[PDB]
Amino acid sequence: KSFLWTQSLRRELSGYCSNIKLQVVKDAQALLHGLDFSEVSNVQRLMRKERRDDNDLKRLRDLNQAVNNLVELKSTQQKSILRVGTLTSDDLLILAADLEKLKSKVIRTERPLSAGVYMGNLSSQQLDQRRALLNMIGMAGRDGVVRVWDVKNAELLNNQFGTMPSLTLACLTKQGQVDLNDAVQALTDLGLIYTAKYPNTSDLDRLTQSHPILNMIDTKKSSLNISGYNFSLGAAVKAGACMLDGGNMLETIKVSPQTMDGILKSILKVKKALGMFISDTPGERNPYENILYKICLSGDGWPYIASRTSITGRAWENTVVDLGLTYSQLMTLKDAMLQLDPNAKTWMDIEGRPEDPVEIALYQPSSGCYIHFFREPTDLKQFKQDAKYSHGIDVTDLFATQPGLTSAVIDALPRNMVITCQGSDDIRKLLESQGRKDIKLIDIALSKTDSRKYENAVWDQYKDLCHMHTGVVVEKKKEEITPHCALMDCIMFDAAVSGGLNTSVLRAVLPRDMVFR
């Protein structure tokens, strides 16, 4: 049971807990004195939209920044590198495994909000499976892709949605029109129930007769559904936890670079004692997934309750362990593939020979999504020739690429997809070698001159999407020419067929974290 994991974590981590009521209340007073609550109200309106854009994201990020400026309980950017010492060698293997698993769960929980899930012309079963994923993660339109956030840089969504007890307190007070004191009291009572049990709707009902301010709490919302400006029971419980000058609440834990390793060691002791685990399914976190994510985000702050909105990066980026895709990876890849329209015109192109590919790309011009990844060659002799005369890739730059993607991506391609390419024999052979004989191919056969008419235009617009081509490439007359990229080739070949290049933002299908290791 989840509360048992929590109580044992409380028992084990008691020495890292503190009484922070005063500081949370002072932060709440600073917001009350300093924050535009009509702008809070404005951000609540934006979170009620089914579809949000960069203008919506800017409003949220600016408000988060204004909140951050007024409070003292703030997390600071602190990369942590975990080495043998307080943590054992086996401790470190356990932690690196569990963080790989959390990376998978978090990406599959958050990414489709921005990447999107195609929900148009699909079979009954596909629609059912997809709906199940969407429902599980708390998730229109065009076309027919379901996507909550349409933004140029999805990375600007990181860490912008956490609840903070001082904000929750200031907003209950100001937006609910009660005295700060009555707000503190209602939360204290919820805090007290939480010493003994997770509070439920029935418990909260009884509390609302005492404190009508608790009527603002929606018991149907989860942390998947909310921002720091919304009133979930989760937000209220976390605030109430902070009001006790008393009892080992995990929400009051502070981490510093001096206590990180020990706090993690204590978590691993409870992990082994209770058999806690990271789940393979996306959506809501268990107590262990939650504590581990919060601690690893920053070795300097209050993991549960400080303002975390100025923190860049993910927890698996901010805390690293120092001494064929996995199941976790394959699930990420499968769900990322759901963004593709199986019916749409889809280009494919490769660099390297089809029995030895080093760069592969697929491109759907209509929605603008692309698949793009790399493979280390087997035949280094032939690679060197292809490097001089085609692709200009330095082999040593491929060392950091994720192995196994060629198989895995090709296996995950929609059944009966139709692929368009420039030179059909190479593609067929590659697809057949990976066991896909069902994919139909359209060979375009453009002339060499017609093929590269939009070459300069494509590289002018889209250069930032590929940095792999570093070597000078020549052609026999020898003259220097622009290197061939699988991805740019899909885009220029499509532009040549279409008779023009549009200025479109493109959407990467694979996470960068999967393309490279």
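Quick note: we count residues from 1 along the sequence shown, nothing fancier.
Modelling of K477 is missing from a third or more of the other compared entries in which both of its neighbours are modelled. Compared with other PDB entries of the same protein, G246 is missing from at least a third of those that resolve the residues around it.
The segment from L323 to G324 is interrupted, since 10 or more residues of the deposited sequence in that interval carry no coordinates. Coordinates are lacking for 4 to 9 deposited residues between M139 and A140. On average the C-alpha atoms of 207-215 have higher B-factors than those of the other stretch, with 281-289 and 207-215 being the two compared. Annotation for 102-110 versus 176-184: the higher mean temperature factor (C-alpha) is found in 176-184.
The entry assigns its greatest Cα B factor, within the set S75, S166, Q329, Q364, to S75.
You'll see in the entry that, of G228, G120, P342, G423, the Cα B factor peaks at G423. For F399, the recorded CA B-factor ranks within the highest third of the chain. Only modelled residues enter the ranking. Ranked against the other modelled residues of its chain, the C-alpha B-factor of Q126 as given in the entry falls in the highest third.
For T470, the recorded CA B-factor ranks within the lowest third of the chain. Only modelled residues enter the ranking. Ranked by C-alpha B-factor against the other modelled residues of its chain, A196 falls in the middle third. Ranked by Cα temperature factor within the chain, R507 sits in the lowest third according to the deposited record.
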